[PDB]
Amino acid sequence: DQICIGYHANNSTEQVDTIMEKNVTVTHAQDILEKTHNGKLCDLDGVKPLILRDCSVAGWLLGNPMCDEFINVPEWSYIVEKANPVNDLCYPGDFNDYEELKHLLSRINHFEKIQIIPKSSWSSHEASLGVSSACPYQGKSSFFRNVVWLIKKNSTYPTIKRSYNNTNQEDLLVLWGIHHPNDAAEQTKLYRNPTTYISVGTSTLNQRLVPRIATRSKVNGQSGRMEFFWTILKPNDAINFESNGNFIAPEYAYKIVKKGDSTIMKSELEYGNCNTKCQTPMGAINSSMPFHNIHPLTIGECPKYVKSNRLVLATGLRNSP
């Protein structure tokens, strides 16, 4: 007669690593690393992302005519943007402090667009001839829908003096620009005045832009340039414009109704018609794991990202052969 002490064994092939020994078979283990994803861009807790498709943030905000899809967009969860969107600045140029603006968007979930300076309002100057071949719509020369490219009316460009008061409660994003012509003959041809300026003032802002002339390579069939500037106009504060020419005036400005958690995701993927609690640029994650290894930049209630291919904890004991 005998009694023995012993331990469990089973048909398990689960292996775990230790400091002294790799590939130790154990009776029980717990994988803690999510390795899979659905490969799609999805809504985040119901809330659809803003998928800019081929448009860039600049093309969207300034209102590139190829970006009509994104005129008055609803609340978003996150924004998606391609690495090299084709519909950026149709008319060649620069967007001043563009990254600092993009950073502001990472904290914004919704814009409401409103008109601050009506197009009809320009009685002294011409407002419906500010178009280009570089920036076409339905086969015709068009322009950034949110700003007005003003030019001389009957061979005269009188000094502009316009103000907008931010009466509404919400911070306002105001966008304007300046045109840089190719030569002195172009300057007079569009604006008459040879030496022009654009002065912009607010509580904080003290700007005075002047056109820089230079001969430049054609980009989208145009050698001229546009340089777009922006500000955030606080509540109950006014912005004051004044200019002799080269002024790309605001028509519409975006109102900041909702601020929250958001991000600008870089991804070539399109919408997937799904929902998720956790989204990455490569796809969405649905798991209760404490870790994943899909992509570092995520949004939502996510596991922690690590660079590992494998993380498995021993729960059971060394399994017998």
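Residue indices: 1-based, along the sequence shown.
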Mean C-alpha B-factor higher for 290-298, or for 266-274? 266-274
May I ask you to compare 190-198 and 98-106 by their mean CA B factor in the entry and name the higher one? 190-198
Using the entry's values, work out which of 26, 58, 33, 66 has the largest Cα B factor. 66
B-factor third for the C-alpha atom of residue 149 within its chain: middle
Within-chain third of residue 120 by Cα B-factor, per the entry: highest
Report the third (lowest, middle or highest) to which the CA temperature factor of residue 231 belongs, ranking only the modelled residues of the same chain. lowest
CA B-factor ranking of residue 248, expressed as a third of its chain: middle
Determine, from the deposited record, the chain-internal third of the Cα B-factor for residue 175: lowest, middle or highest. lowest
